[PDB]
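Descriptive analysis of the structure
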2 protein chains.
Amino acid sequence: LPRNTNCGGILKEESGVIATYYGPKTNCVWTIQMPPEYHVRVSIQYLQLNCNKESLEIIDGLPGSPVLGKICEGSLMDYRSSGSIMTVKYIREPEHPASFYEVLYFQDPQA
Amino acid sequence: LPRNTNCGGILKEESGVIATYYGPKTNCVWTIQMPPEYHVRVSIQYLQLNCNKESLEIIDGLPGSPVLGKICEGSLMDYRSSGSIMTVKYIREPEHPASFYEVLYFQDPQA
């Protein structure tokens, strides 16, 4: 599965992985955009962030849309978008080096 | 809003709150059951559990159904069931006194 480790971007792959970006930017916004009648499924098997210095947010659309969660510790997380777009946003404090994270996404259904 | 602090049970109110149960049981399973064409919406504004000793799990149906998350730290969490039932399960270690938690649920749509 194509692994994305850029700080954000619009993603159109039918499936892929978002994993930790290690550069200087402190706010990365990945927007997953599927064809019109499709949905996006997002899975996070295990997440363990420092909730004091960083977080991951799942947004049901473009930035500005309803938030589905701002999460820093959990596992077995499954999110489905209500439309064709979902955004994943990671944020950290400048002084803090990013923790490891891996987010899987799928077009739902697959084609 | 009717507050439930029993260790589990089947809940049929059109809206309510699940909050910390303080008795000896270590596994509480709340199953929210709405009328047939409805869904359940579950909201958790802030959650801060000791992920080493306890957790909250959201299940898209009766126990045995797909898990939507096993979460111990986050905020702004919004879950919608795919059918008429959703289960919330809390678990803790026997030695550990339960942390505060508050889970809101709504019939979606309201009637």
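Calculation criteria
- Residues numbered from 1 in each chain as written, not as in the entry; some residues may be left out.
- Chains lettered and ligands numbered in written order.
- Heavy atoms only, no water.
- UniProt positions renumbered as here; feature names shortened; annotations may be inferred.
- Core = buried A, V, L, I, M, F, W, Y, C linked by side-chain atoms within 4.5 Å.
- Buried < 20%, exposed > 50% of the residue type's maximum accessible area, 1.4 Å probe, protein only.
- Contact = heavy atoms within 4.5 Å.
- Disulfide = S-S within 2.5 Å.
- Helix = DSSP H or I, 4+ residues; strand = E, 2+ residues; numbered from the N terminus.
- Least-squares fit on C-alpha atoms.
- Salt bridge = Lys/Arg side-chain N within 4 Å of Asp/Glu carboxyl O.

- Per the PDB entry, the recorded name for chain A is ASFP, and the organism is Bos taurus.
- Here the PDB entry's recorded title is "CRYSTAL STRUCTURE OF ACIDIC SEMINAL FLUID PROTEIN (ASFP) AT 1.9 A RESOLUTION: A BOVINE POLYPEPTIDE FROM THE SPERMADHESIN FAMILY".
- Quoted verbatim from the Function field of the UniProt record, the comment on chain A reads "Stimulates cell division and progesterone secretion of bovine granulosa cells in vitro in a potent and dose dependent manner. This protein appears to be a potent growth factor with effects on ovarian granulosa cells."
- As its UniProt record puts it under Subcellular location, chain A is described as follows: "Secreted".

1. Considering the nonpolar core
- If you look at the biggest cluster of nonpolar residues, it comprises 54 residues, and the most contacted ones within it are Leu 56 of chain A together with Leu 56 of chain B.
- Every residue in contact with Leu 56 of chain A, bar those within four places of it in the chain, is listed here: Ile 44, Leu 47, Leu 49, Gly 69, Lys 70, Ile 71, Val 88, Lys 89, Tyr 90 and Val 103 of chain A.

2. As for the state of the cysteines
All names here are of chain B.
- In this structure the tally under the stated criterion is four disulfides over all chains.
- Residue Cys 51 pairs covalently with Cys 72 via a disulfide, S to S 1.6 Å. You can see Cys 51 sitting in the loop between β5 (39-48) and β6 (54-59) and its partner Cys 72 sitting in strand β7 (residues 67-80), a full 21 residues away along the chain.
- Numbered by order of appearance in the sequence, the disulfide-linked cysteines of chain A pair as 1-2, 3-4.

3. Observations regarding the relation of the copies chain B and chain A
- For the pair chain B and chain A, the relating rotation is 180°, the translation along its axis is 0.0 Å, and the fit reaches an RMSD of 0.0 Å. The transformation just described matches what one would write down for a two-fold rotation axis. Among all residues of chain B, the minimum C-alpha distance to the rotation axis is found for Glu 73 of chain B, at 2.4 Å.
- When the interface residues of chain B are mapped onto chain A, 100% of them again lie at the interface, so the same face is used by both copies.

4. Quick notes on the pattern of salt bridges
- Taken as a whole, this structure holds eight salt bridges over all chains when the rule is applied.
- Here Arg 3 of chain A and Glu 102 of chain A are joined by a salt bridge, their closest N and O atoms 2.8 Å apart. On the criterion of sequence distance, the pair formed by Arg 3 of chain A in strand β1 (residues 3-4) and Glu 102 of chain A in strand β9 (residues 102-108) is long-range, its members being 99 residues apart.
- The salt bridge partner of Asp 108 of chain B is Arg 80 of chain B, with a shortest N-O separation of 2.9 Å. Of this pair, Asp 108 of chain B sits in strand β9 (residues 102-108) while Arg 80 of chain B sits in strand β7; the two residues are 28 residues apart in sequence, bridging distant segments of the chain.
- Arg 80 of chain B sits in the partly exposed class, given a relative accessible area of 43%.
- Each member of the salt-bridge network shares a partner with another, and the members are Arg 41, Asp 78, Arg 80 and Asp 108 of chain A.

5. Some points on the UniProt feature "domain: CUB" in chain A
- In the numbering adopted here, UniProt assigns the feature "domain: CUB" to residues 7-108 of chain A.
- With 0% helix and 59% strand, residues 7-108 of chain A has end C-alpha atoms that lie 24 Å from one another.

6. A few points about the UniProt feature "disulfide bond" in chain A
All names here are of chain A.
- Measuring from sulfur to sulfur, the annotated disulfide partners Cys 7 and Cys 28 are 2.0 Å apart, close enough to count as bonded by the 2.5 Å criterion. Of this pair, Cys 7 sits in the loop between β1 and β2 (9-11) while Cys 28 sits in strand β4 (residues 27-33), and the two are 21 residues apart along the sequence.
- Judged by relative accessible area, which is 18%, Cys 7 ranks as buried.
- Here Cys 28 falls in the buried class, since its relative accessible area comes to 1%.
- Between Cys 51 and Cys 72, where UniProt records a disulfide, the sulfur-sulfur distance comes to 1.6 Å, consistent with the annotated bond.
- The exposure class assigned to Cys 72 is buried, which follows from its relative accessible area of 3%.

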